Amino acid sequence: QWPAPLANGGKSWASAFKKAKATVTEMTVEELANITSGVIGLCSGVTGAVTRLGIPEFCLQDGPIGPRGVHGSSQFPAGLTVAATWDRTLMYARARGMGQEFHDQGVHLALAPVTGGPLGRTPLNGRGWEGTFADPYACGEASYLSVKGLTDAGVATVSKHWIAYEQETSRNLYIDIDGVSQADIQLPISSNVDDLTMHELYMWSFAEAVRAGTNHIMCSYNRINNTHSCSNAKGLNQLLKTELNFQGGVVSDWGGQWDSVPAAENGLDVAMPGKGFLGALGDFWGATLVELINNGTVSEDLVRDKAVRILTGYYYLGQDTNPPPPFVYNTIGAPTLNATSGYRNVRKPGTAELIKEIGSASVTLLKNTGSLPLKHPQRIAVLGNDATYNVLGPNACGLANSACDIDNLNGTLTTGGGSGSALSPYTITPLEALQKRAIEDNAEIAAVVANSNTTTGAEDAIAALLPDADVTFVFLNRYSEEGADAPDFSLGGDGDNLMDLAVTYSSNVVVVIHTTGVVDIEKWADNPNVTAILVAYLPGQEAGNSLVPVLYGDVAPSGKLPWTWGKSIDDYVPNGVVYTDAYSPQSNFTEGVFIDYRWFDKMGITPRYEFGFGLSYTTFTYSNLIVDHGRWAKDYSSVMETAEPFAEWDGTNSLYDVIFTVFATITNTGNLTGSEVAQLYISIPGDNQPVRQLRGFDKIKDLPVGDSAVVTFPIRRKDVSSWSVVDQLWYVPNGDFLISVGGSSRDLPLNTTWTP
């Protein structure tokens, strides 16, 4: 039903396309199959060279916190962490700093960012932390800035994972290793997604990634409507390549490809990893593709378009004129690849400070009963291994932060597990930073950082230490990892046990959570002995020194939640992860657009902490909502353009034109300076529409006591539109639109109406 549309180079890539087409028109069939399937090298993926035309191998490298598996680089905080800052400037700079290091390590294509897959359908998603917000609009924006950041350095982006990749359980990558094949055990989970939900929820952040100029897109492990994402014609040829007008390459996830011909015809451009990882994850193209073209079952022209889309990026970013230096690190690992590593340091001055600032900007205050900010306590207790180093070393858990023992004391959770992680040159531990500050105050400080259930004496130590303390810091964590979902919301390690002891022996307990996602603090959150609670997410290498200034009052906490914190897992969307032995496992997205806070608001469920909630050390009063109908503007900035049909289209016009801008005022109404993240939600009228939909945020910085600032919200056409499944286009529905503004999805003291 959907033929494969040819690349034309779209907006910004027009000249790169032309050079790309020149080069591809010279290529033989043996060379087309080379560039378009992975070969063996030091990087996660490597396209074969076209050595006669002077085109080298492309290093395709993990991952969304920066080049994975290398020394000489920095461990940036995770997508989850930057989203929690709600600060567009840090979202950009994070990505640009990642890009610099990617480039300087010799990566042509970054396997990043994660731009909407997983988006957020389960809070138990094992790799959910790799993305940003559980919300199409906010994810959309963070995705735009992350892409832009990486491309503005020399690196091509492979935005991932397209699409509806919402559980790790039964993701079932193609693998055939030691005679058992995943095709023989179980098919990948089928995400069954209606057309409205696909357009309004899952496609939104990918459109943004496409607008920002992603050079490529990774197709996911899941099947969509019982068809593999990487050979889904409706997915890749229609929705991505026609409607979103995508001009770059689809890259398979590693084992994302299940067949040769359907993938060649339904939208895949690059077979990865091909000959790498021993060919264990399927090796469907290469010489098999040459043979398919020469015997005439696969169009040679079709395959030229694949090569065209791979080279467009190469030429647009100027990788011919300004090549990256050689990649020097064995990031695959022996015995799978025996090969020696060189060494390069790419840590630039500024980067460490940026990583810190992100941490200081993200850490989210969930509860404060008066214990914070700390003045100058004299006797300080610290509990939890999370407070200090991994007992085996910061990088002991290996190339993907996932090979340490089940019970190992891993230390401060600075990134999650999997392909999304990265090595660290050190960890500034929360204990080191608390101690530095205790020393300044001539105070004492003592940590119990062992396993409190299993190490002799730990329990008695904690009993002996806590009573005399002015403050007890308890550091908790929750490791999760690619390739599995969390079974429940319960804390990692000895966390529950720590918290029972802590509140048994101290009435001034301050809780800090390093985590990949929501966790169960129900037993203690309303204990008055727990005086304060903060989530620091995954702060990367600067964990301790980003946190302590916030604790001590040097800066007010300013982060707010990028997803919903429900009291129980039962309060979320049902069937968030499906567990079957069924050969063809199915996940029917019956919830529709209603994920995260949309689920909560539609069904009248009260979270513990809502989407976009965060405490400061001061308060903010909202006033003087203004809807400026006259403050509208054309769509100029975008690197690339989509072809999303929409009803109001004429010759010169766009779905991303700003049709009005909204203003409001905040006043710092408390007794301290703070920054505030203002949020704007629109209720679009219609049948089965969410109560509220986030369509703007804006972060006021360091607003002094009693001062005021205006907060500004440009609204796009798309931002007020619905998808018509009958007409197959975006339209702006007739009706009354509620527009609300405030500190969170549930603290919105200003509202007005807008009718089109």
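One-based numbering along the sequence shown.
Chemist: Pick between 643-651 and 490-498: the one whose mean CA B-factor in the entry is higher.
Modeler: Per the PDB record, 643-651.
Chemist: May I ask you to compare 508-516 and 575-583 by their mean CA B factor in the entry and name the higher one?
Modeler: According to the PDB entry, the answer is 575-583.
Chemist: So among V158, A264, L423, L80, who wins on Cα B-factor in the entry?
Modeler: The C-alpha B-factor peaks, among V158, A264, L423, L80, at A264.
Chemist: By the CA temperature factor listed in this entry, which of these ranks top: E130, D320, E101, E676?
Modeler: Of the options given, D320 has the highest CA B-factor in the PDB entry.
Chemist: Please place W730 in the lowest, middle or highest third of its chain according to the CA B-factor in the PDB entry.
Modeler: Tercile = highest for this residue's CA B-factor.
Chemist: Classify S568 as lowest, middle or highest third according to the C-alpha B-factor given in the PDB entry, relative to its own chain.
Modeler: Middle third, going by the recorded CA B-factors of the chain.
Chemist: Would you mind ranking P67 by its C-alpha B-factor against the rest of the chain and naming the third, lowest, middle or highest?
Modeler: For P67, the deposited C-alpha B-factor lands in the lowest third.
Chemist: Please rank the C-alpha B-factors of the chain's modelled residues and tell me whether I55 sits in the lowest, middle or highest third.
Modeler: Highest third, going by the recorded CA B-factors of the chain.
Chemist: Relative to the other modelled residues of the same chain, rank the CA B-factor of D269 and answer lowest, middle or highest third.
Modeler: It belongs to the middle third of the chain when residues are ordered by C-alpha B-factor.
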